[PDB]
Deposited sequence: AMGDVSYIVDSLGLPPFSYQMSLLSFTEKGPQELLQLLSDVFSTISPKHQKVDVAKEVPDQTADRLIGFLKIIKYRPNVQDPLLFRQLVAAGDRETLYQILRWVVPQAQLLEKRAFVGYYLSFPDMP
């Protein structure tokens, strides 16, 4: 829905993205553009650039589902395999749901992933 679009879009305009996406440009994205977007959101967070077109949508799904389980995403759909297949087809509602949950908190998620990564910045 629309509150979700403007939420995702406003959050992409903040760090760690700082990227200006128009409300329309976002809504004009099909399944594959959305999977790519989720893929790029994850790549921005954990310091892994992937072109989803060099994947088949099932392994793209598995790869992004893997990332989401680590960070404890509770899908609306409570059937793991229904989720798998909805992610793989790039279902719009499902993807808006993930993006709405994931994109806000990217700042917090990036910080935690960055932690202990560099020699100069131990976990201490």
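Numbering from 1, run down the deposited sequence and write out every stretch that has no C-alpha in the structure. Missing from the model are residues 48-49, 127.
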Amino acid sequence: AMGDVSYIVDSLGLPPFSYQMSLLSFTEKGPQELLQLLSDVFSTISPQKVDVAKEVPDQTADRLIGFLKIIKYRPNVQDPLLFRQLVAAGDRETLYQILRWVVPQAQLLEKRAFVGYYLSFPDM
From here on, numbers count along this sequence of modelled residues.
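20-28 or 112-120, whichever carries the higher mean Cα B-factor: Taking the mean B-factor of the alpha carbons in each, 20-28 is higher.
Look over 66-74 and 32-40 in the entry and identify the one with the greater average Cα temperature factor. The recorded data point to 66-74.
If you rank every modelled residue in this chain by C-alpha B factor, which third holds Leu99: lowest, middle or highest? It falls in the bottom third of the chain.
In terms of the CA temperature factor given in the entry, to which third of its chain does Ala89 belong: lowest, middle or highest? For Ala89, whose C-alpha B-factor we compare with every modelled residue in the chain, the answer is the middle third.
Please say which third, lowest, middle or highest, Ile45 falls into when its CA temperature factor is compared across its chain. Lowest third of the chain for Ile45's C-alpha B-factor.
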